[PDB]
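Using the entry's author numbering, the first residue of the sequence shown is number 27, and each one after it goes up by one.
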Amino acid sequence: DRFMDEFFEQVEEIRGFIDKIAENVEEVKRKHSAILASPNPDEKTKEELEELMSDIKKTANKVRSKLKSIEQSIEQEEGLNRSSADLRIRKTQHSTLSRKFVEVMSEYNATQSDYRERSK
Numbered sequence: 027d028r029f030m031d032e033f034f035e036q037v038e039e040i041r042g043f044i045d046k047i048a049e050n051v052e053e054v055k056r057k058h059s060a061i062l063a064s065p066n067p068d069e070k071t072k073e074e075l076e077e078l079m080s081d082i083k084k085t086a087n088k089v090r091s092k093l094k095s096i097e098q099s100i101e102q103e104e105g106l107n108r109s110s111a112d113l114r115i116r117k118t119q120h121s122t123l124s125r126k127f128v129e130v131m132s133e134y135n136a137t138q139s140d141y142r143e144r145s146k
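1. Within 10 angstroms of its Cβ, does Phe34 collect 16 or more other Cβ (buried), or is it exposed?
2. What is the rounded straight-line gap between the Cα of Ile47 and the Cα of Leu106?
3. Would you kindly report the start and end of the unbroken alpha helix (DSSP H) that includes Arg144?
4. Let me check understanding here. Comparing Cα to Cα, which of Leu93, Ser132, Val128, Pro67 lies closest to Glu39?
5. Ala63 and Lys146 - do their beta-carbons sit closer together than 8 Å?
6. Quick check on the DSSP output: the alpha helix (DSSP H) that includes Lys84 runs from which residue to which?
7. Where does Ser121 sit, in a helix, a strand or coil, going by DSSP?
8. By Cβ distance below 8 Å, which residues in the same chain neighbour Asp140 in space, the five residues on each side in sequence not counted?
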């Protein structure tokens, strides 16, 4: 009762960390098409860019390490010689949380190189 009740309570705060990367990444996506190649935006359009790239790095490192602690805890209670429905419920929420985190974080890995590979 106590260990799975803390596991459901910590996911409701991490869904706030998942929405907080996809809103900050949607702002970088309006900035990076006028400025990667600046033919028209601002002077220091860069005046805000040291804020948005250092903001996604601080939350992304806070969330990515709570996602490894769920994958690290399944492989440590599997190897004990166990077969239970509480173990299998834990991989059901991890595969929905890591699939929505890869669609935005694997897209953000291509966003920093697409700023300066072409710089069109």
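Virtual Cβ for every residue (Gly too), placed ideally from N, Cα, C.
Quick answer:
1. exposed
2. 36 Å
3. Premise fails: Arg144 is in no alpha helix (DSSP H) and is neither H nor E.
4. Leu93
5. yes
6. 72-104
7. helix
8. The beta carbon of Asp140 lies closer than 8 Å to those of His58, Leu62 in the same chain, with the five residues before and after it left out.
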